[PDB]
Amino acid sequence: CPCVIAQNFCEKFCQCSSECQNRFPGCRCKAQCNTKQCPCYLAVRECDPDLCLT
DNA sequence: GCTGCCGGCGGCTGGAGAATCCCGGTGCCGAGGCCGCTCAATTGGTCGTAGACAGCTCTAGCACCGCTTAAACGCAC
């Protein structure tokens, strides 16, 4: 999987399956997806507005 | 003396993962009516267990005295 060999996840535009484990879940955080807990914040990214519906 | 310096400290934050409530449908099983019959109630006689009274007399309590040893006291460790 090019995603895999790239040591990178799958983005919703990948052709990894709709359940391909190489995808990424998305922010769930409650107060702000901002502090040292929120997973997006760790694997430094911005919680996409399709996922962090929280 | 004080400079970092460093470690710990407790205090807090908030994610996370399970336990909680609610509601919406759904049955099978408590619950109730039914018929009946057999066993429980009614009537009636008895004689004997069981209650009395009147009993004897054994023994369980009270005491007393004198004994002694087991109890009580303390005591280093």
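Residues numbered from 1 in each chain as written, not as in the entry; some residues may be left out. Chains lettered and ligands numbered in written order. Part of a larger assembly, values for the part shown. Heavy atoms only, no water. Residues with missing side-chain atoms left out of burial classes, pairs and counts.

- cryo-EM is the method the PDB entry lists for this structure, together with a resolution of 3.5 Å.

1. Focus on the packing of aromatic side chains
Phase 1 of the analysis: All told, the structure shown has 1 aromatic pair when counted by the stated rule.
Phase 2 of the analysis: Ring plane angle 10° and centroid distance 5.6 Å describe the contact between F9 and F24, whose orientation is recorded as stacked. Of this pair, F9 sits in the loop between α1 (2–5) and α2 (39–42) while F24 sits in the loop between α1 and α2, and the two are 15 residues apart along the sequence.
Phase 3 of the analysis: In this arrangement the basic side chain of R45 is found over the ring face of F24, its NZ or CZ atom lying 5.3 Å from the centre. (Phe/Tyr/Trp six-rings, centres within 6.5 Å; stacked < 30°, edge-to-face > 60°. Helix = DSSP H or I, 4+ residues; strand = E, 2+ residues; numbered from the N terminus. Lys NZ or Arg CZ within 6 Å of the ring centre and 35° of its normal.)

2. Observations regarding the state of the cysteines
Phase 1 of the analysis: Within the structure shown, the criterion is met by 3 disulfides.
Phase 2 of the analysis: With a sulfur-sulfur separation of 2.0 Å, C29 is cross-linked through a disulfide to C38. Because the sign of the S-S torsion sets the handedness, a value of about 90° for the bond joining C29 and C38 places this disulfide among the right-handed ones.
Phase 3 of the analysis: Among the residues examined, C29 registers a relative accessible area of 15% and is labelled buried.
Phase 4 of the analysis: By relative accessible area, which is 2% here, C38 ends up buried. (Disulfide = S-S within 2.5 Å. Buried < 20%, exposed > 50% of the residue type's maximum accessible area, 1.4 Å probe, protein only.)

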